[PDB]
Amino acid sequence: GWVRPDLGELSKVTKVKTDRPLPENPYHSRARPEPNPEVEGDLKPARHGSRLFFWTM
Amino acid sequence: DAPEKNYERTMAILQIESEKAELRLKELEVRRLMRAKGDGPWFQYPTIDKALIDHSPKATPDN
């Protein structure tokens, strides 16, 4: 009493219930480096203009 | 012009130029430290973005 699978049935994707814990780190990745700080704050006007040689603005 | 007007005009001029000079020196030292350490927003050469990574299960498990 075994019925053969139809066309397209053995390629179906199923769900498996098992008792093993999920591996937290399968890739054995090290600690990630600290990211750069993000630019924040309101944009004030430039202090004393261009500050390039003699230019006052 | 009055001598007092020239006096206080000179003091205002000197204050403005001293502030600009100190800011220029601070800019030079900031640029040097930022280039040496690399942590500031300047001299941030781009690397490869990580949104181009395919995280689906591939056809071979050992990857």
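Cut-off values and rules
Residues numbered from 1 in each chain as written, not as in the entry; some residues may be left out. Chains lettered and ligands numbered in written order. Part of a larger assembly, values for the part shown. Heavy atoms only, no water. Salt bridge = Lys/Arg side-chain N within 4 Å of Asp/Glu carboxyl O. Buried < 20%, exposed > 50% of the residue type's maximum accessible area, 1.4 Å probe, protein only. Patch = residues over 30% accessible without salt bridge, like charges linked within 9 Å, V, L, I, M, F, W, Y side chains within 5 Å. Areas by Shrake-Rupley, 256 points an atom, 1.4 Å probe, with all protein chains shown as cover. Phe/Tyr/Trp six-rings, centres within 6.5 Å; stacked < 30°, edge-to-face > 60°.

Structure determination for this entry, per the PDB record, employed cryo-EM and reached 3.44 Å resolution.

As annotated in the PDB entry, chain B carries the name NADH dehydrogenase [ubiquinone] 1 beta subcomplex subunit 5, mitochondrial and is attributed to Ovis aries. The title given to this entry in the Protein Data Bank is "Complex I from Ovis aries at pH5.5, Closed state".

The name recorded for chain A in the PDB entry is NADH dehydrogenase [ubiquinone] 1 alpha subcomplex subunit 8, from Ovis aries.

Scanning the entire structure with this criterion turns up 6 salt bridges over all chains. Residues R47 of chain A and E19 of chain B are paired through a salt bridge, measuring 3.7 Å at the closest nitrogen-oxygen approach. The exposure class of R47 of chain A is partly exposed, given its relative accessible area of 48%. For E19 of chain B, a relative accessible area of 30% gives the class partly exposed. Residues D39 of chain B and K37 of chain B are paired through a salt bridge, measuring 4.0 Å at the closest nitrogen-oxygen approach. One salt-bridge network, held together by shared partners, links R51 of chain A together with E27 and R31 of chain B.

Attention shifts here to a nonpolar patch on the surface. A surface patch of nonpolar side chains, amounting to about 530 Å² of accessible area, comprises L52, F53, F54 and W55 of chain A. On the basis of relative accessible area, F53 of chain A is assigned to the exposed category, the value being 69%.

Let us now look at the packing of aromatic side chains. Residue and element names in this part refer to chain A. By the definition in use, this model includes 1 aromatic pair over all chains. For the ring pair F54 and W55, a centre distance of 4.1 Å and an interplane angle of 20° mean the geometry is stacked. On the basis of relative accessible area, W55 is assigned to the partly exposed category, the value being 44%.

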